[PDB]
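Peer 1: Here's a sequence, model it:
(one chain, ligands or ions: 1)
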Amino acid sequence: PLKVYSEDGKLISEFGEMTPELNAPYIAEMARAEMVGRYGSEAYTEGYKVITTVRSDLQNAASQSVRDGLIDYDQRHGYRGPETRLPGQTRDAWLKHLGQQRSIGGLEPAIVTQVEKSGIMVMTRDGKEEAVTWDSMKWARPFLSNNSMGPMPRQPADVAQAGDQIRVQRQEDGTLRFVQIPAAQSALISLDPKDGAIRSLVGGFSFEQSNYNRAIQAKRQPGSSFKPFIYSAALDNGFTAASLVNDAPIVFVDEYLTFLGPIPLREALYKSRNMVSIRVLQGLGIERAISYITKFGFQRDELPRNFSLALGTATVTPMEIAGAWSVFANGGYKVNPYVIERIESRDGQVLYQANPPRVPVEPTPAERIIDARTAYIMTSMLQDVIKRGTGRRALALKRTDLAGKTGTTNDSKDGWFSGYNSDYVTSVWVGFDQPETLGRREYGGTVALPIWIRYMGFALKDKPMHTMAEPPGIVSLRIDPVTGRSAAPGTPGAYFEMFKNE
Ligand SMILES: *C(=O)[C@H](CO/N=C(\C[C@@H](C(=O)O)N1C(=O)c2cc(O)c(O)cc2C1=O)C(=O)O)NC(=O)/C(=N\OC(C)(C)C(=O)O)c1csc(N)n1
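Peer 2: Numbers count the residues shown, from 1 in each chain. Below is the structure:
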């Protein structure tokens, strides 16, 4: 009977062929699959022991973050009604129905037994009847469309009726809050950028729903969370953090066989200026870009061979994105994300000890793909996204070492946040499986970034500031904001900027 364990030693699950301390089904499945590829059906029989890269504390932080974040978003959009309406049915029968219902993401099924002007009485699977306050029901305004909502409910009867099958969430003070299972989905992945080990993975709201692992299976458009790769290529192909690029509309042609306006490359990056991103790619040329980009972990077959590439219209997985961002985090090295740390035998003999490519402090040396100075300047700029840009909500963590980037696809069809420090790389996706707008007022920063912040808050709790150390070969010089070139003394507006020795 296959036993899957976390790095810290907690039992995730067991697999066999004809009690979990840590709930990590997405991780569990990844191990089961990997083991089967390695040993066959004999993996389930022999009693092997798999030791994963995940840490229990971090795993539950991820789990909670995604759940809370999906619930927060869901409520903002209203109530979509009960799961079942069982009026006139006996308590014994209600208990019968409830018996075949399961908890989905800490959200327990309950049947409304009574509706009072003060609240509701609900029965759980156990048969226990408990009160639910009108306060926890006040949010339950009618959902009409991802953009339209009904009026605020004025009494519990407006929201629920006896026989209604609802959801209740227990709190730290034993009380039950009136909830609903979100229709939106999310994906969280956190890595150690040193070797590419997955420290936490969440492939949806509940495995307890579908077994689909959106962290590794779902290919979504990264939008602006992709720009760094274009800008990194820029820094490595003639441009500088100072390079002035006109943010203005782009006229275009086909011929046989926007404010700001001209701004520094750094300004454009934290400000997600698409016109700049197009012009940079233009100068770089599609091919050169793709060849540079793929080296980060992306597949040539996912990268659009046109202008749209600059806008992040590629189809990628949160694991691919996280794997790639790790390049900037670890100072320029390609790491291969992994989940099996150890495979032990029946008796305890070590059958497998993962030796991944590792960044410098026998182990496999990690290949360097980009200039250490590139990784440093790139980090510098991406920290501004938190400091000045779209990541201002992440300043709440009171940390200096944070670098990141929000991403919002057209019509808010996807919401992203990808970021790090030298400790962890965390990639957060939010959206609908069948794409639809998350809402007019919804962005990567309003859906994903909150989840990300919650998780990074916990992960980096007792962690001191850890950013990349300045590598040899960087120079900070005064620049004329108007010319983008070295500023003579007495230049108004002159500012300092880092550069690779020209
Ligand atoms: C990058 O993803 C690029 C720019 O938009 N990116 C983000 C949204 C963000 C911002 O641009 O700063 N943002 C707003 O525009 C905005 C307006 C507003 O009134 C309030 O209150 C807040 C915000 C806000 O946070 C980001 O997360 O970084 N996006 C795109 O290029 C694509 N679509 O753009 C829109 C704006 C979402 C759109 O509907 O057109 C895109 C890239 S691939 C694809 N299919 N679309």
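Peer 1: can you count the residues close to the residue in the stretch 151-300 of the chain positioned nearest to the ligand?
Peer 2: The nearest approach of the stretch 151-300 of the chain to the ligand comes at residue 224, 2.7 Å away (C-beta to the nearest ligand atom). C-beta: built from backbone N, CA, C; applies to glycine. Using other C-beta atoms under 10 Å, the number of residues around residue 224 comes to 24.
Peer 1: One more: residue 203?
Peer 2: Around residue 203 there are 28 other residues, counting by other C-beta under 10 Å.
Peer 1: Tell me if residue 43 really is in a helix.
Peer 2: Yes: assessed by DSSP: H, G, I helix; E, B strand; the rest coil, residue 43 belongs to a helix.
Peer 1: does it really touch residue 35, like I thought?
Peer 2: Yes: if you go by C-beta atoms under 8 Å, residue 43 and residue 35 touch, sitting 4.2 Å apart.
Peer 1: overlap in contacts of these two?
Peer 2: Common neighbours of residue 43 and residue 35, using C-beta atoms under 8 Å, 6 or more residues apart in numbering, are residue 2.
Peer 1: residue contacts, the spatially most central residue of the chain?
Peer 2: Centroid-nearest residue in the chain, with C-alpha atoms, centre = their mean: residue 428, separated by 1.0 Å. Listed by C-beta under 8 Å, 6+ apart, the contact set of residue 428 reads 186-188, 318, 416-418, 448-449, 451-452, 455.
Peer 1: near the ligand too, which of these?
Peer 2: Filtering these for proximity to the ligand by C-beta under 6 Å from any ligand atom leaves nothing.
Peer 1: In this structure, what residue spans correspond to helices?
Peer 2: 25-39, 42-45, 56-76, 91-99, 156-159, 227-235, 265-270, 274-284, 286-294, 318-329, 372-387, 444-459 (DSSP state H).
Peer 1: Tabulate the ones you listed (a markdown table), appending mean neighbour count.
Peer 2: A markdown table is the format used below for the helices of the chain (neighbours: other C-beta atoms under 10 Å):
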| stretch | mean neighbour count |
| --- | --- |
| helix 25-39 | 20 |
| helix 42-45 | 17 |
| helix 56-76 | 21 |
| helix 91-99 | 14 |
| helix 156-159 | 19 |
| helix 227-235 | 26 |
| helix 265-270 | 23 |
| helix 274-284 | 21 |
| helix 286-294 | 17 |
| helix 318-329 | 27 |
| helix 372-387 | 22 |
| helix 444-459 | 25 |
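Peer 1: Which residues of the stretch 101-250 of the chain lie near the ligand?
Peer 2: 221, 223-224.
Peer 1: quick one: contacts for the residue nearest to residue 192 when sequence neighbours are not counted?
Peer 2: Distances taken as C-beta to C-beta, 6 or more residues apart in numbering put residue 199 closest to residue 192, at 5.9 Å, once the chain neighbours are dropped. Contact analysis of residue 199 by C-beta under 8 Å, 6+ apart lists 53-55, 58-59, 190-192, 424, 459.
Peer 1: how is this structure carved up into domains?
Peer 2: 1-53+341-355, 54-77+182-340+356-502, 78-181 (curated CATH domains).
Peer 1: So which of those domains is the most surrounded?
Peer 2: Greatest average neighbour count among the domains of the chain goes to domain 54-77+182-340+356-502 (a mean of 20), per mean count of other C-beta atoms under 10 Å.
Peer 1: chain center to that one, what's the gap?
Peer 2: A distance of 11 Å separates the centroid of the chain from that of domain 54-77+182-340+356-502, by C-alpha atoms, centre = their mean, to the nearest Å.
Peer 1: First-to-last residue distance for that domain?
Peer 2: Using C-alpha to C-alpha, to the nearest Å, one end of domain 54-77+182-340+356-502 lies 43 Å from the other.
Peer 1: again with stretch 86-93
Peer 2: End-to-end distance for stretch 86-93: 9 Å, by C-alpha to C-alpha.
Peer 1: Contacts for it next, please.
Peer 2: Contact with stretch 86-93 is made by 94, 97, 111, 113, 123, 161-165, as judged by C-beta under 8 Å, 6+ apart.
Peer 1: Including distance to residue 346, could the residues you listed go into CSV?
Peer 2: Below are the contacts of stretch 86-93 laid out as CSV (distance: C-beta to C-beta, whole Å):
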residue, distance to residue 346
94, 47
97, 43
111, 46
113, 51
123, 46
161, 56
162, 55
163, 52
164, 51
165, 45
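Peer 1: Show me the two of these that sit farthest apart.
Peer 2: The span of these, defined through C-beta to C-beta, is set by 97 and 161 at 15.6 Å.
Peer 1: Residue 359 contacts residue 192, doesn't it?
Peer 2: No: shown here, residue 359 and residue 192 do not form a contact pair, counting by C-beta under 8 Å, at 9.9 Å.
Peer 1: Can you tell me how far residue 458 is from residue 271?
Peer 2: As for residue 458, its distance to residue 271 is 30 Å (criterion: C-beta to C-beta, to the nearest Å).
Peer 1: next one: residue 235
Peer 2: If you go by C-beta to C-beta, the gap between residue 235 and residue 271 works out to 17 Å.
Peer 1: One more: residue 225?
Peer 2: Using C-beta to C-beta, residue 225 is found at 14 Å from residue 271.
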